[PDB]
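Residue numbers (full-length UniProt numbering), protein chains in the order written: chain A, 177 to 342; chain B, 38 to 144, 198 to 358; chain C, 26 to 70.
Note that the Cβ used here is the ideal one computed from N, Cα and C, for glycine as well.
Each remark here refers to the structure printed beneath this line.
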Amino acid sequence: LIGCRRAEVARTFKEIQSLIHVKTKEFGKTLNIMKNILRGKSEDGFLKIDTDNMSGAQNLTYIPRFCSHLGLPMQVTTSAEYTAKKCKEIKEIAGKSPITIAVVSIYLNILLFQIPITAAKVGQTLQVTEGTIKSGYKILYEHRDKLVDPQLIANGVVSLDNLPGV
Amino acid sequence: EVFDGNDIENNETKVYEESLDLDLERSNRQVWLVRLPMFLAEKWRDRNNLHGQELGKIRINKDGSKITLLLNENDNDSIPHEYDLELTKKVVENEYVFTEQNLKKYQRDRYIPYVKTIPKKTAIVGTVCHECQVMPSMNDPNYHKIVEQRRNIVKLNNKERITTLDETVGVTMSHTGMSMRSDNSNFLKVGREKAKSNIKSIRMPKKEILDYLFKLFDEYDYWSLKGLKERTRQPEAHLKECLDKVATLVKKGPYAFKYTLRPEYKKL
Amino acid sequence: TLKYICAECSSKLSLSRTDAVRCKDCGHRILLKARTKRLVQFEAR
Ligand SMILES: [Zn+2]
Numbered sequence: 177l178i179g180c181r182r183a184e185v186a187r188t189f190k191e192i193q194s195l196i197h198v199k200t201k202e203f204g205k206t207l208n209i210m211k212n213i214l215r216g217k218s219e220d221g222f223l224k225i226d227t228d229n230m231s232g233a234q235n236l237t238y239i240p241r242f243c244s245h246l247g248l249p250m251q252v253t254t255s256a257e258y259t260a261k262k263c264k265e266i267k268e269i270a271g272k273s274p275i276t277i278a279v280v281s282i283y284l285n286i287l288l289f290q291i292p293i294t295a296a297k298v299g300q301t302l303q304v305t306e307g308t309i310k311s312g313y314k315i316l317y318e319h320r321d322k323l324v325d326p327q328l329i330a331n332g333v334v335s336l337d338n339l340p341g342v
Numbered sequence: 038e039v040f041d042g043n044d045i046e047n048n049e050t051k052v053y054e055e056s057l058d059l060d061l062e063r064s065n066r067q068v069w070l071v072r073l074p075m076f077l078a079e080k081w082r083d084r085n086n087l088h089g090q091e092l093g094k095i096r097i098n099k100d101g102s103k104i105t106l107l108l109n110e111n112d113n114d115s116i117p118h119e120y121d122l123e124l125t126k127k128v129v130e131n132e133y134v135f136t137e138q139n140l141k142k143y144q198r199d200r201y202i203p204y205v206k207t208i209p210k211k212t213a214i215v216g217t218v219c220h221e222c223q224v225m226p227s228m229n230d231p232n233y234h235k236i237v238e239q240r241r242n243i244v245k246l247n248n249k250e251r252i253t254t255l256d257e258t259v260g261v262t263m264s265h266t267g268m269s270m271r272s273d274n275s276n277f278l279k280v281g282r283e284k285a286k287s288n289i290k291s292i293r294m295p296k297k298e299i300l301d302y303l304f305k306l307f308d309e310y311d312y313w314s315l316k317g318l319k320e321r322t323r324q325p326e327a328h329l330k331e332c333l334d335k336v337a338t339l340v341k342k343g344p345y346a347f348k349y350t351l352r353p354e355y356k357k358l
Numbered sequence: 026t027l028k029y030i031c032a033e034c035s036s037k038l039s040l041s042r043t044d045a046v047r048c049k050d051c052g053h054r055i056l057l058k059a060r061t062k063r064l065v066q067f068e069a070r
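Structure (C-alpha cells):
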C-alpha cells in the first residue's frame with residue numbers, strides 16, 4: 177500500500193485485502209507504524225516532500241480504475257473526476273470514505289450520461305452497498321449544479337434534467 | 038469378487054455354491070463372427086435397445102453361397118435394408134465364444203498354497219466357423235445415404251473454436267487481481283472452520299481435578315497432554331501443575347512423550 | 026506552457042510539468058511536441 181501511494185498509483189485497503197488475507201485492525205496499526213518510521217527515516221536521511229502522496233483520501237486516483245472496471249466511456253470518467261473534485265467542497269459527504277465518494281460520483285455521472293448500468297450492478301462490481309450508493313446519490317441530488325461540469329452542459333452532451341429525482 | 042487360489046482346504050465347496058468347472062455342453066452352437074459398420078454397430082450394441090426383437094432375416098442362396106441380410110423397416114429409413122455378408126474366412130479354426138459370470142459367494199515339485207486365483211463361472215457359448223463382414227448392397231436405394239454419412243464422418247469438425255470475449259476489456263478485468271470483489275465461495279475455508287471452535291476451560295479446583303485425573307489413570311495408565319486435556323477440559327498450566335505432582339512423563343520408552351501415573355500410585 | 030498535440034485528435038494542448046501526459050479530449054497517452062515557431066533555413070541544393 178505504501179508503494180502504491182508513493183507512485184501516485186494508490187489502491188485501496190479492500191484491494192490489498194483481496195490479495196492478502198490480512199486483519200484490518202492490525203493492518204491499520206502496521207500501516208501507521210510503517211508511515212511513522214518512514215517519516216523518521218526521511219527526516220534522518222534524505223528529506224522528501226510529500227506533495228499529497230501519503231494522502232488518506234486520494235479519491236481522484238480511484239475514478240479511472242473503477243470506471244474501467246465498469247466499462248465506462250472516457251467522458252463519464254473525466255466528469256466523475258470533476259465531480260469527485262467538487263465533492264470535497266460539500267461538507268455533507270466530506271467525511272465519507274473516498275471509495276464511496278468515487279462510487280457515488282461515478283453513479284451520478286452514469287445516470288447523467290444515460291449509461292445503462294443499474295446501481296445494483298455497480299454495487300456488485302465494487303462492493304459498495306446499493307443502499308449506500310442510493311443514499312449518496314440522494315444526498316448529491318441537491319448539489320447538482322456545482323458537481324456537474326459546466327462546459328459539459330454548455331456543450332449539450334449532458335443535461336441536468338436527466339438525473340432521476342428522489 | 039476377490040478370492041484366494043491354490044486352496045487345499047476344499048473351501049470352494051463352502052464358499053461357492055456353483056461349480057467352478059467350465060460348462061462345455063453348449064460349445065457346439067455355431068457362431069458367426071460378424072463385423073459391422075459404424076451406424077449398424079451403434080444401433081446393435083447399445084444396451085437400451087436389443088429387447089429380443091427381430092432385427093431382420095438372413096437369406097442364404099446355395100448357388101454361390103451368397104448370404105444377404107434383410108433388415109426390418111422398424112428401425113430406420115435412412116439406413117439400407119439389404120446388406121451383403123462377405124465371408125472373409127469360410128473356415129475359422131481355434132476361435133470360440135466363452136462367457137464370464139460372477140459366482141455365488143454367499144453360502198520342480200515345490201508348491202505355494204497361494205496363487206491369487208479369481209474364479210468365475212465360465213462356459214463356452216459356441217464355436218466360431220464363419221468370419222463375416224457386413225457391406226451394404228450397391229443397388230440399395232439408401233446406399234448413397236451411407237456414402238454421404240461416411241463422407242460426413244471426415245467432413246464435420248467435433249471441436250469448436252476458442253471463444254472470444256466481446257464485451258469491454260475492463261469489464262473482464264473487474265474480477266481479476268485488483269478487485270473489490272471478495273470471494274464469496276466457501277472452497278478450502280480451513281481457517282473459517284478452524285477458528286470458529288474455541289475450547290475454554292474453567293479453574294475448577296484442585297481436589298476435584300486430581301480425583302478426575304486418578305479416575306482417568308484408572309481408566310488408562312498412559313495419557314497424552316491433548317487427550318487428557320480434551321477428556322477433562324482443563325487449562326494446560328493447571329493440568330500440568332496437577333500432573334507433575336500426581337504423575338510423570340516418559341522420555342525414552344516406547345510410550346515416550348506420554349504422561350503416566352507415578353509408580354507409588356500405580357499399585358493403588 | 027509548452028504546446029503538445031495528441032496522436033489522433035490533433036488538438037493543440039498546453040502541458041505544465043505537474044500535468045500528466047494525456048489528452049484532455051482523447052485520453053490517448055501519446056502526445057507529440059509542437060513544431061518550433063522559429064523559421065528554419067533549408068539550402069535548396
Ligand atoms: Zn487527443
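Three-state class that DSSP yields for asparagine 109(B) in the structure shown: Per DSSP, reduced to three states, the secondary structure at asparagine 109(B) is coil, with no helix or strand assignment.
Neighbour-count burial assignment, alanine 186(A), 16 or more Cβ in a 10 Å radius: Buried: at least 16 other Cβ atoms inside 10 Å.
Length-filtered (4 minimum) alpha helix (DSSP H) runs lying within the region 216 to 256 of chain B: Listed in chain order, they are 233 to 245.
Distance CB(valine 224(B))-CB(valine 52(B)) smaller than 8 Å: Contact flag unset, no.
Nearest residue (CA-CA) to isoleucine 289(B), options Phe304(B), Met270(B), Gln324(B): Looking at the Cα atoms, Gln324(B) is the closest of the given residues.
Inter-stretch contact (C-beta, 8 Å, three-pair minimum) for the region 298 to 306 of chain A and the region 270 to 279 of chain B: The region 298 to 306 of chain A, when compared against the region 270 to 279 of chain B, does touch it at the 8 Å Cβ threshold.
Exposure of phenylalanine 277(B), with buried meaning 16 or more beta-carbon neighbours within 10 Å: Label assigned to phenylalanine 277(B): exposed.
Outcome for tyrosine 310(B) when other beta-carbon atoms lying within 10 angstroms are tallied against a minimum of 16: Burial call: exposed.
Inter-stretch contact (C-beta, 8 Å, three-pair minimum) for the region 341 to 354 of chain B and the region 298 to 317 of chain B: The region 341 to 354 of chain B vs the region 298 to 317 of chain B: in contact.
Runs of alpha helix (DSSP H) wholly within the region 269 to 346 of chain B (minimum 4 residues, chain order): Qualifying alpha helix (DSSP H) stretches, in chain order: 280 to 285, 296 to 309, 315 to 322, 326 to 336.
Distance cut-off 7 Å: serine 269(B) Cβ against heavy atoms of ligand 1: Flag unset: Cβ of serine 269(B) not near ligand 1.
Near ligand 1: residue 81(C) beta-carbon under 7 Å from a heavy atom: Absent from the structure is residue 81(C), since the part of chain C shown begins at 26 and ends at 70.
The region 111 to 121 of chain B contacting the region 326 to 333 of chain A, beta-carbon criterion three pairs below 8 Å: With a cut-off of 8 Å, the region 326 to 333 of chain A and the region 111 to 121 of chain B do not count as touching, because too few Cβ pairs lie within range.
Continuous alpha helix (DSSP H) assignments of at least 4 residues falling wholly in the region 256 to 342 of chain A: Counting only runs of 4 or more, we get 274 to 288, 295 to 302, 306 to 316, 320 to 323, 326 to 331.
Where the region 234 to 264 of chain A meets chain B: residues whose CB sits under 9 Å from a CB there: Listed by position along the chain: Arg241, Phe242, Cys243, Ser244, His245, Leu246, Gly247, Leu248.
Of the listed residues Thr136(B), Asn85(B), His118(B), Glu257(B), nearest to residue 364(B) (C-alpha basis): Outside the shown range of chain B (38 to 358) lies residue 364(B), about which nothing can therefore be said.
Beta-carbon neighbours of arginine 187(A), restricted to chain B and to distances below 8 Å: Contact of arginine 187(A) with chain B by beta-carbon distance below 8 Å involves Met268.
Cβ pair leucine 124(B), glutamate 55(B) closer than 8 Å: The answer is no: Cβ separation not under 8 Å.
Proximity test, Cβ basis, 8 Å: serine 281(A) and chain B: Not closer than 8 Å to any Cβ of chain B, the Cβ of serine 281(A) fails to qualify, so no.
Beta-carbon gap between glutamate 221(B) and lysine 126(B) smaller than 8 Å: Taking 8 Å as the cut-off, the beta carbon of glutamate 221(B) is found closer than this to the beta carbon of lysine 126(B).
Minimum C-alpha distance to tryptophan 69(B) - residue among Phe135(B), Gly216(B), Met75(B), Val340(B): If we check each option's Cα against that of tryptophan 69(B), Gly216(B) comes out closest.
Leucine 333(B) vs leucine 303(B) beta-carbon contact at 8 Å: Yes, Cβ-Cβ distance for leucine 333(B) and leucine 303(B) is below 8 Å.
Local conformation of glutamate 130(B) per DSSP, three classes: Residue state, collapsed to three classes: coil.
Three-way DSSP call (helix, strand, coil) for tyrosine 349(B) in this model: It is a strand residue.
Option in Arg182(A), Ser218(A), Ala296(A), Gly221(A) with minimal Cα separation from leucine 246(A): Distance from the Cα of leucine 246(A) is smallest, within the candidate group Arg182(A), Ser218(A), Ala296(A), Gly221(A), for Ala296(A).
CB contact check: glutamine 303(A) to chain B, cutoff 8 Å: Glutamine 303(A) belongs to the set of residues whose beta carbon lies under 8 Å from a beta carbon in chain B.
CB contact flag (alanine 270(A), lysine 262(A), <8 Å): No, the pair does not count as a contact, with Cβ atoms beyond the cut-off.
Check whether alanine 278(A) and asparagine 235(A) have beta carbons under 8 Å apart: In contact: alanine 278(A) and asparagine 235(A) (Cβ atoms closer than 8 Å).
Short CB-CB distance (under 8 Å) between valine 261(B) and chain A: Closer than 8 Å to some Cβ of chain A, the Cβ of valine 261(B) qualifies, so yes.
Check whether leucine 122(B) and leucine 107(B) have beta carbons under 8 Å apart: Contact: no.
Contact set between the region 186 to 218 of chain A and chain B, restricted to residues whose Cβ is under 7 Å from the partner: Interface annotation for the region 186 to 218 of chain A against chain B: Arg187, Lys190, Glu191, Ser194, criterion Cβ-Cβ distance under 7 Å.
Assumed close pair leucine 248(A), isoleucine 291(A) - CB separation to whole angstroms, cut-off 8 Å: Indeed, because the Cβ distance is near 6 Å, the residues count as touching under 8 Å.
Minimum Cβ-Cβ distance from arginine 72(B) to chain A less than 8 Å: By this cut-off, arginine 72(B) is not an interface position.
Chain-ordered neighbours of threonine 258(B) on chain A, where CB pairs are closer than 7 Å: Against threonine 258(B), the close residues of chain A are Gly247, in the order they occur along the chain (beta-carbon pairs closer than 7 Å).
Proximal chain A residues relative to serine 272(B), where beta-carbon distance stays under 9 Å: The contact set of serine 272(B) on chain A, defined by CB atoms closer than 9 Å, consists of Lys190, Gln193, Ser194, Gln303 in chain order.
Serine 39(C) beta carbon near ligand 1 (any heavy atom closer than 7 Å): Because no heavy atom of ligand 1 lies under 7 Å away, the Cβ of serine 39(C) does not count as near it: no.
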